[PDB]
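Can you read through this structure? Questions will come right after.
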């Protein structure tokens, strides 16, 4: 499960090899990386 | 940002009195003096935590990059 | 001269009021060093339970991870202490969190758009928009299922607003709530304010009957000084009621006829709580810590 | 550390002759009674008990032999060599109090033996000395024994002919 | 077992030869024990000098010093003031238990 997000339409997005860095719904070049369920720990202080 | 959990100086839990205080001023049409005294705040260290709070999370939540438009 | 049997004659307790949250009482004829020692242990030594380690799986909200962890640790939990034991941080994390030490709480929130028509209030407009402290759900890891089945773990103040969300966003964490004292961090302090004030004393020197008796009323809280006439002229009814405002010394009419002082042995404690324990019980627990703070030294070898 | 190597060598040695055991302790008692006027008047003077660590070690090396080689000094008649039955209880009552400043084991191992072997009585003094209540480098040079038994196994097989165990 | 051997510590550089003037060093303490223990040692009629001291606030060390007039050591005076600090916390605990019953 590959996930980015476009900064314009907020449509979640995967990006394979030999692709343009563009969104597929809109034609937007800036495209930001989402976060997944991954463990980070914090001392509640 | 959001209302602090505890008062800074005494340590009373104060985080449960922000949505209470806004409904005391909106619907009961109280002043800020009686609405703080109804909520059990009576030390001036602990009054100013609800009294003098900005609550800028409502302005930060307008910028949701996950939802369209 | 002092004796441990002369202290038992003169020491008295007058409990003024008591509640499930606060307790006002007195300590007559005790020392300022003993009464200060009881004050400190209630703030800094009586242990409580608070979230120490917070494990985020996802947090796509606005509030930062290290901020949202800090707000969970400041939540007062209604765990009764001595149902837990103490953690041991010299041995590693796979050995460290047994269920005799740790209470596990979790949080799983996802915000979605709500189909509603009307500016409109954001609780009639989204789903799970506001994250309250009662969404910390108690997970009975192991044998906690049967010993915490009479008293489940829940915050003492459930409407603590922990976070706010908008659709798309989520908070998925799991906290480990451990036992500790309030001299480590201010979250393990059991009390809102455990503090005393010393008993006020109002020493009238000359009689102030007449017109003097009417405005000398208004230099004090409205029940402190009493008046009838020149007969039954001017006296204190309740000096405990008096806040020490020194409002009578700013008038040259009365700046000679009264000496405001204190009763130096009568203490007036005001113990409160966060909600885990009762304030009469964090005083028994405090007077027994100072007892055990000296048994541990009497039963100790004097090294070197 | 050299006196510590002295008492452990005389005790834990199987081939040592009977005259060589006493001649060490003859010189070791010759050092302790020459000490009787030359430094025993300095106790209530100024300067703590760290001044006499050489005395607190040579006494302990002699008491290490009585814990392990009491039964060479004595005949059937009971005549102790150098009058140990006179010597110990005269040194124990000295102003230096050598039952408080020596090692806890070897001076108590001396206490459960000199009562039985009828030389000196000191269970009313070790009872007394611990009731009164720089140093860690001197505890540990007393606790160390050069000829404790061996963690090595193929070398102790040779040493079985040479080395005296606990009994 | 194992008695704890780093909590109380007599500093022999300040300790008398008789035993009557000593200075102790307690770890992980502050004004809480120190001011309460000094009140109780000072009520002994044989105590000449008593006061506590926190050397630096960044480490949790408590020096207390007892000097007696003779006929009682500073360790016998420390342990009377540790006894009467226990027996004083048992009078406060009993008077406060009765008044909760007396409500």
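Structure notes:
Here the chain labels run A, B, C, D and E in written order, and each chain numbers its own residues starting at 1.
By definition in this document, a contact is a pair of C-beta atoms (placed from the backbone, for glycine too) under 8 Å apart; a residue touches a chain by one contact, two chains touch by 3 or more.
Centroid distances built from C-alpha atoms place D farthest away from chain C. If you tally contacting C-beta pairs for each pair of chains, C-E comes out on top. Between the Cα centres of chain B and chain E there is a gap of 47 Å. Centres computed as Cα averages put chain A at a distance of 81 Å from chain D. Centroid to centroid, with C-alpha atoms defining each point, chain C and chain D lie 62 Å apart.
If you average the CA atoms of chain A and of chain C, the two centres end up 46 Å from each other. Multi-chain contact residues of chain A, defined as those touching 2 or more other chains: 10.
Multi-chain contact residues, meaning those touching two or more other chains, occur in chain C at positions 60, 74, 168, 302, 304.
Residue positions 133-134 of chain D each touch two or more of the other chains. If you check the complex, the residues on chain B that touch chain A are 64-68. Note for the complex: chain A touches chain C at residues 10, 35-45. Remark: chain C residues 60, 62-63, 67, 71, 74-76, 113, 130, 133, 156-169, 186, 189, 191-193, 272, 274-275 touch chain B in the complex.
Residue ranges of chain E in contact with chain C, taken from their complex: 3-12, 24, 26, 31-33, 35-39, 43, 45, 75, 79, 82-93, 95-100, 103. Across the interface of their complex, chain C is touched by residues 1-3, 5-6, 10-13, 15-16, 18-20, 43, 57-58, 60-61, 64, 66-67 of chain B.
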